[PDB]
Amino acid sequence: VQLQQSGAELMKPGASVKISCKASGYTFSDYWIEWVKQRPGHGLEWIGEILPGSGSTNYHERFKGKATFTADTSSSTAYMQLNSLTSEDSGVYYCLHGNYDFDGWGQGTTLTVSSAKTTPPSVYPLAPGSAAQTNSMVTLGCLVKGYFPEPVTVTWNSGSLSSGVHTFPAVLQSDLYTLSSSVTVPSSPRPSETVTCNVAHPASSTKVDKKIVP
Amino acid sequence: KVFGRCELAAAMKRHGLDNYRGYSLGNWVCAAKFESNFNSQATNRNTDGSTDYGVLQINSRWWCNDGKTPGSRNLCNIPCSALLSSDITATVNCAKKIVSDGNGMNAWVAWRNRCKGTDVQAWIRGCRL
Amino acid sequence: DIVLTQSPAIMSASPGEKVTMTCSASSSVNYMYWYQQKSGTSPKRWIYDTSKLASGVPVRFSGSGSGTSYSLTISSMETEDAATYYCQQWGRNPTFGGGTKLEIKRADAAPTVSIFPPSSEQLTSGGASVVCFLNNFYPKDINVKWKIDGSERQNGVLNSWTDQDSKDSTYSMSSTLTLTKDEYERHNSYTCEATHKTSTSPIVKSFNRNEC
């Protein structure tokens with residue numbers, strides 16, 4: 001009873017993929033569901049739309065042939081198919097409503113098209129050593145390096161250490177991402193009380209907790 | 001569903017479109033070829049938030065209602081999805097009140113562009129009806 | 001069809017003050033639509049049919065224009081009005097505009113820089129990354145230069161900024177020098193020097209013993 005979509009995709013170039021949108025709660029038959037594409041940095045592109053009841057579809061000039069829509073009236077699902085995926089198809093695909101009774105979008109499905117391999121990350125503690133007081137505030141982080149694909153969930157002190165955290169967004173370098181996350185406590189916890197950073201890269205079932213030792 | 005000439009022309013004959021105002025079945029089937037290629041579920045979007053619906057590409061601004069067009073007058077008092085049925089009744093009915101508004105079949109851009117001033121009776125030449 | 005250009009691309013305002021975003025269509029359009037997107041969520045329809053607010057847009061926003069020029073105007077800027085706003089001509093084939101970023105203003109804060117030497121553990125992989133966090137600064141702009149042993153630079157640096165915090169409105173940058181382990185031990189001093197508006201002279205942070 002929501003406009004729900006499928007999880008994130010990772011796909012070889014050249015293959016096709018299908019995104020659901022389990023649009024549930026109203027008379028599905030009756031309203032157009034649109035589809036939008038977001039490439040971060042460039043923003044939004046409108047793909048096209050489909051009226052569940054009749055199977056009528058409208059597509060933007062650019063996506064005719066790259067995209068096909070279907071809807072299955074009995075599960076109240078609508079699907080988009082991307083044909084012949086390339087690198088420039090990586091993005092977030094949104095399904096949405098835009099009529100006068102509702103206008104809710106769904107949350108998005110990210111899609112990475114890559115030949116690259118799921119690399120688990122390495123997690124390197126960042127600890128100061130030569131604590132030359134900026135102030136009586138120690139910052140220490142975690143460098144999580146070499147994973148593929150996104151995302152990772154670094155956490156500090158298993159959740160508790162929320163204030164003063166800073167996870168920076170991953171950067172892609174050699175067909176792999178790198179991330180850093182900071183924590184800042186007064187210089188009276190570290191080293192006395194211990195700070196752990198809990199990294200999880202779901203796509204390669206890794207859990208890691210490095211402790212920051214001086 | 002893409003209809004096929006005489007199947008459509010037989011159902012439109014049936015629905016009284018023959019010589020409705022001064023338009024013979026040649027025109028009715030002609031429009032439906034050049035508007036939609038006989039595909040009942042044909043849709044097309046326009047420059048103003050409006051879509052055209054079905055066989056006879058009825059505009060959601062003045063003629064039917066689809067609940068996302070501005071300036072919606074909905075003069076046929078019908079949901080535009082009713083116009084996407086494989087049985088031409090709500091399309092025929094709204095076509096009657098379009099051809100009645102003092103303009104004849106001019107309301108149809110493709111009829112005007114590809115069927116006006118030609119031998120429209122050609123469209124059923126050789127057809128059973 | 002039409003190309004929508006938005007001006008400006010990044011913009012700032014304090015709470016209490018008036019905001020006007022502009023969107024320009026390369027062709028005349030019949031109606032314009034505005035969508036707002038906060039980081040971490042799907043966009044939300046904000047103004048539809050040129051002036052009508054969607055269900056849940058507070059009354060402080062209004063939009064207008066015709067043909068070529070439209071606009072979204074906020075009279076009191078409230079903190080929660082910081083997002084990207086996007087315009088769309090929802091025509092035969094819809095296009096979106098580039099966006100306009102709305103950041104909230106505050107006083108020019110100086111960054112707290114910090115460098116971390118390569119960890120033992122990463123040195124046993126055969127690489128060395130020297131990390132520098134410059135935390136909590138306003139304005140967003142900050143140039144960060146690297147000095148391996150005295151003056152130099154480097155080409156394999158990897159920066160990353162955060163979004164404006166929210167439990168303040170600060171920016172924070174990470175700069176990384178990845179060196180191969182023997183290019184690392186073939187040196188000594190590593191310096192992170194930051195240039196921010198808030199200071200005449202660069203903030204630097206250095207260390208030295210790759211050697212002993």
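Throughout, protein chains are lettered first and strands after them, A, B, ... in sequence-line order, and every chain is numbered starting at 1. Values below: all heavy atoms of this structure, side chains included; hydrogens, waters and symmetry mates excluded.
- For a residue to count as touching a neighbouring chain, one of its non-hydrogen atoms must lie under 4.5 Å from one of that chain's; by this rule B:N39 does not touch chain A.
- Taking CG of B:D66 as the reference point, atom CH2 of A:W32 lies at 8.0 Å (rounded to 0.5 Å).
- Between A:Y31 and B:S81 the shortest side-chain heavy-atom distance does not fall below 4.5 Å.
- With a threshold of 4.5 angstrom between heavy atoms, B:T69 approaches chain A through N, CA, C or O but not through any side-chain atom.
- Counting heavy atoms of neighbouring residues, nucleotides and ligands inside a 6.0 Å radius, atom NZ of A:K117 does not exceed 12 of them.
- The residues A:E34 and B:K68 are annotated as not salt-bridged, no charged nitrogen and carboxylate oxygen being separated by less than 4.0 angstrom.
- For A:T57, the part sitting under 4.5 Å from any heavy atom of chain B is the backbone (N, CA, C, O) and nothing else.
- In B:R114, the CZ atom is not crowded: 12 or fewer heavy atoms of neighbouring residues, nucleotides or ligands sit closer than 6.0 Å.
- In terms of heavy-atom proximity, B:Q41 sits nearest to A:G55 at NE2-O, 4.0 Å.
- When the shell of 6.0 Å around NZ of A:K211 is examined, it contains 12 or fewer heavy atoms from other residues, nucleotides or ligands.
- No side-chain heavy atom of B:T43 sits under 4.5 Å from any side-chain heavy atom of A:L51.
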